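Just the one chain here, laid out as structure tokens, in the form deposited in one PDB entry.
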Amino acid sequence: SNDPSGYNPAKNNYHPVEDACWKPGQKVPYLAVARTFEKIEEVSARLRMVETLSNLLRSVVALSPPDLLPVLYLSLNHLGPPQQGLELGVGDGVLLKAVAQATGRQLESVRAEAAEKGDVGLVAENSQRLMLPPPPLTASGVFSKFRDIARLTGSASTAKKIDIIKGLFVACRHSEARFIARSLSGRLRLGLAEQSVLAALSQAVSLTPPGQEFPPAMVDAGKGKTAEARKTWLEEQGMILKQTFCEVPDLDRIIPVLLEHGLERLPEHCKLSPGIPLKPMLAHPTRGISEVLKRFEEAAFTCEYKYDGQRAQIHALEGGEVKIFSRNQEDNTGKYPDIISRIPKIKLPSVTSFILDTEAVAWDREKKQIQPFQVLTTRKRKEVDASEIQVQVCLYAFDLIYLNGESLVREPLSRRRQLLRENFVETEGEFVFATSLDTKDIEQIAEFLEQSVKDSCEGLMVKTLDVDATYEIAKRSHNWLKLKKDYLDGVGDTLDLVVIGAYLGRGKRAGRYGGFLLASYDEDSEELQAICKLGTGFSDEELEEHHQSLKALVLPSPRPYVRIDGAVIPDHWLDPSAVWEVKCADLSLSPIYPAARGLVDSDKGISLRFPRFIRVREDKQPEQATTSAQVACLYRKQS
């Protein structure tokens, strides 16, 4: 067969057998994957990306089915099922050390180029071999080497990781090192992620079904259909995969089934079950009540307090075992021994199994009061012993996904909410149903929004009760709406802050500034104090304007009246002059930023939660910026 360096999964009339660059039953070469990533990287149309990846996957299914699973994980840049918690434990620092060693270059040269180009991969492949090349990299080989890195732990493990990473680079050719480096830095940058990979996979197994005797008699099913019939058929097949995956987002479970039994029978084998994390329902932001009403204008809906904690998806298995997962399917069971011990107390005796959607919120037992998110994050994370817990939590339950052996994902929220209230028991400061309001009246919603904040919440979640009110993520992942005071114009906490530094952009921001350092004005000491960084809220056009206008203000050394304490040192110091209007959701007590240090806390300054750029204040000099005393005042009225 042809050399993988000429593989072209973007060609017209791609034939899964004739246009593959490996022989049947052979390991998929990693360069075939890298070539597919190149062709994905080169386009902006996502559906073209899907087709290109689909072509590779069709060849994998037709020629080397054992390599489908590693190829898929490589395309997602995942190490495996998220609940198993494999982590590379490799930062850009370590990665740049491996690159500098492999390329025979000095480290600072490598670091400077990586900062300039905003991509470690561009440094790895653009940099006299006394040794003949090692065996070519394979898709399954590379994937297992990533997992080897992830399993290395303990003192001296970074040295062993560098050894593995160097061995990969020495074996790379053409564009492989580019995507090895990008995978290790956690920034594959394809423009193609989970939904595109699902679409490519369902299309692949539909056009080129697995399990065929080789050579496969059916390599492009549905070519003879009308465009509309073909499109409808692929959507239906796509929905089978998506709905299975949202209930069982674990390719270790789905792929063996898919290859052995096929896509049509997949839902019979992979089913939602307690102990298997599933995808949570998400929410779209809204600009105000009017947008909520428009989006739900044909459906009765309920409003619920949006509690400020961490999502906890609680699984009670038949027999008594309890599992708790985060919103990203991480295993949090070892984090909440206290919650596990109180499960028997939240449910009626008749409840044998369930899956609950809850928010875990820090709770002050002496004051009987919700505590801020920053208190909740001080809980320990791994293998916590119940007696050691110092920050108690209260569960605010808002949905019920599974009850007594029966999935409720296809039931309307009216029924799910009714079953939650009927089968579970509230205990103040331990397990409580989310406060809710059923109405369409603007004024009642506005007052309820105001009350939620008074009762220590972020705002409101809005959910339809009967129309399109299911828990089917595959039909719409953002089926709920969120309404926060800081989404409203002319409302929320707005600050005028001084730009004192800029950071070189990465990825989509390469070649300009991707972020900025902002500061408030400390009247008392006559100093500007870093308060937060800022990297969102500007259009691409606005960001070009900033790059041009700020370029003229770059300083070699920091000004003596600018204090940053623990903040990341800017790549470019800027003459303090530009004043920007900046919005945030809350002010936080910061362990690094000096703004307003000593005005609220002896040792801590203040930063901004969810800061975003709004507009330039061309009418403002730096002396007219928000003062540090004003920052302290804003923080204090948060209560």
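Counting begins at 1, following the sequence as shown. If you superpose the two forms and keep the largest set of C-alpha atoms that fall within 1.5 Å, you have the rigid core.
Here the subject shifts to the form deposited in another entry, a form of this protein not shown in this document.
Core-based superposition between this form and the one not shown shows that, of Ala159, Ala446, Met218, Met239, only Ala446 has its Cα displaced by 2 Å or more. Once you line up the core between this form and the one not shown, the Cα of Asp522 ends up 2 Å or more from where it was. Once both forms are fitted on their core, the CA shift for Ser64 between this form and the one not shown remains under 2 Å. Here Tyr30 does not count as shifted, since its C-alpha moves by less than 2 Å between this form and the one not shown after the core is aligned.
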